[PDB]
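Read through the structure below, which is laid out as structure tokens, and then see the notes.
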Amino acid sequence: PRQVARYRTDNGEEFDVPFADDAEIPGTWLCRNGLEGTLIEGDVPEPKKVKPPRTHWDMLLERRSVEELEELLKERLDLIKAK
Amino acid sequence: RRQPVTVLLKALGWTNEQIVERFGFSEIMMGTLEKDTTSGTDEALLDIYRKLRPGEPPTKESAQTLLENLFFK
Amino acid sequence: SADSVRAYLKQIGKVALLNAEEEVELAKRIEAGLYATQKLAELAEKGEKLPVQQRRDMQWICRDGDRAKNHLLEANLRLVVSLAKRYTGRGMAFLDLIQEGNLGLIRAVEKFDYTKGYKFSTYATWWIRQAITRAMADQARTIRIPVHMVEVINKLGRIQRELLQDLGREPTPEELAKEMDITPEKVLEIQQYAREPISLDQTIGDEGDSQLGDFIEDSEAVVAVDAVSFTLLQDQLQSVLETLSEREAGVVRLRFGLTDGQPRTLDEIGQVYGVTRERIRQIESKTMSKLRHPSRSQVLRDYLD
DNA sequence: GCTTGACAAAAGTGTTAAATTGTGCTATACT
């Protein structure tokens, strides 16, 4: 009483996952390889609610305003022009 | 291991003259100080330093308190 | 060197400690490069490649910024080690405490502000300490406890020690629950969480040669006498059902799921025999009072358990 | 042998509030 689905990890490996036929097949499955993998059937349903990570630039932006950054860069390039 | 028991008496700063004075009748006492190539009291503290604390570059402040802090302290 | 930490201390000692003016210098270069990067990256979207001389110098502003970030870190590595010294012996290896501290140092550099005019060590000490203590809460326990629970376990400890000193004794669950403003039953539940496991590989023989681990029974192991008797019980039921009618036993077997191991509802059994669930309810009660008849039941009595 | 309607307990579902859990952060100076 089982249906088998196949997924493909980003690196090309493929894995067979037996499921119960009455169940709804997930579009991604954590795989024996250790990576996420994508169903080879139609979907591929969803974006999976991505929230981009925090970066050094973000932490710098929330203190220095873009204008302050410009002047400081002006100071830097002008120091470079002098040779 | 590999230590010249004479070299440490130089680590304290005692001059070779006192070695012939105190050693006296000891034959190997005088013969070993002639065999040791260590010259100076602070240079013997260095020959004792690198084998005891291998991997750490020494300093005149560390090399001298090394002996005092190990036992006298 | 001979040790592992003696080796890491050698390489951190090879850098030079900055003074106030240098920290401000590097800080500017770091922010300067970052903005230089975000700006050029903005060009990638809309293109508009820069002039040759303006492109070659922007690539340098960034390279110099990262060289600054790396230099600001390598200069303060001593500060991390100085903080981790005090957190040893608490269940994390010294190097791990150091590495986690370095992680804090990295964020201090990212979030550091040079316009406030404060010495760098002032701000970085916060992150390096939080990085080390936060790390200990996620790691040092074989069975992890979340931060918020590790926060109360510690608090409950100090209360007990402070309460220990004032009472010249250890406080009872009621005194502790009172001083901490919680129910005494909670402080017990908390004190069960703080228990830490033990090594199965310990030698408790004490001129017994044995280790603890080999004294542990296997409770799920198969018991020969039971499985054999259970097989004999399975046969005795097969017989008792033979006395019942073809449909009487058929309903009993589907009712408890003897054949499939899957029990069935009164309605479902009525679907195979083509009747209403009530009719099956009736046939049930009758075959059960038939099984309760002493002739069939007398033999199965010894199987109670 | 059998079915029908009324009926209440038991079992699932969906919706919400409470709780539990994760993460960021703290600016005298401290190497």
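Please note that chains go A, B, ... in the order of the structure tokens, that every chain numbers its residues from 1, and that ligands are numbered from 1 in the order shown.
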
Secondary structure check, helix (DSSP H, G or I) residues of segment 20-68 of chain B, as a PyMOL selection string: chain B and resi 20-23+27-35+41-52+60-68

Proximal residues of chain B relative to chain C (only C-alpha atoms; 9 Å) as a VMD selection string: chain B and resid 54 to 56

All residues 12 Å or closer to residue 278 of chain C, only C-alpha atoms (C1' of nucleotides), same chain fewer than 4 positions away omitted, as number ranges by chain: C: 265-271, 274, 282-285; D: 2-4

Residue neighbourhood segment 10-16 of chain B, 10 Å, only C-alpha atoms (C1' of nucleotides), exclusion window fewer than 3 positions, as a list in words: residues 5, 6, 7, 19, 20, 21, 30, 33, 34, 38, 39, 40, 41, 42, 43, 44, 45, 46, 47, 48, 49, 63, 64, 67 and 68 of chain B

Shell of 8 Å around residue 37 of chain A, only C-alpha atoms (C1' of nucleotides), local chain residues under 2 positions omitted, as a PyMOL selection string: chain A and resi 7-10+28-31+35+39

Write to file, as a compact mmCIF listing (two decimals), in the first residue's frame, the residues of the selection just made, with N, CA and C atoms.
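Output file part.txt follows:
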```txt
# COMPACT_ATOMS: atom_id res chain seq x y z
N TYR A 7 13.47 12.04 -5.68
CA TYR A 7 13.96 13.40 -5.51
C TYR A 7 15.38 13.50 -6.05
N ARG A 8 15.81 14.73 -6.32
CA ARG A 8 17.14 14.99 -6.87
C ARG A 8 17.81 16.10 -6.07
N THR A 9 18.93 15.78 -5.44
CA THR A 9 19.70 16.77 -4.71
C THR A 9 20.42 17.70 -5.68
N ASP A 10 20.84 18.86 -5.15
CA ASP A 10 21.49 19.87 -5.99
C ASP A 10 22.70 19.31 -6.73
N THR A 28 9.74 18.60 -1.42
CA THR A 28 11.14 18.48 -1.02
C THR A 28 11.25 17.50 0.14
N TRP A 29 12.36 16.76 0.15
CA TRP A 29 12.59 15.74 1.16
C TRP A 29 14.05 15.78 1.60
N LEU A 30 14.27 15.88 2.91
CA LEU A 30 15.62 15.71 3.44
C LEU A 30 16.11 14.31 3.10
N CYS A 31 17.29 14.22 2.50
CA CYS A 31 17.72 12.99 1.86
C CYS A 31 18.89 12.35 2.59
N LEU A 35 21.38 16.48 1.87
CA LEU A 35 20.96 17.71 1.20
C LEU A 35 19.47 17.67 0.90
N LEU A 39 11.32 17.08 -5.94
CA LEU A 39 10.53 16.07 -6.63
C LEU A 39 10.69 16.21 -8.14
```

Distance in Å - atom CA of residue 275 of chain C versus atom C1' of residue 1 of chain D: 11.3 Å
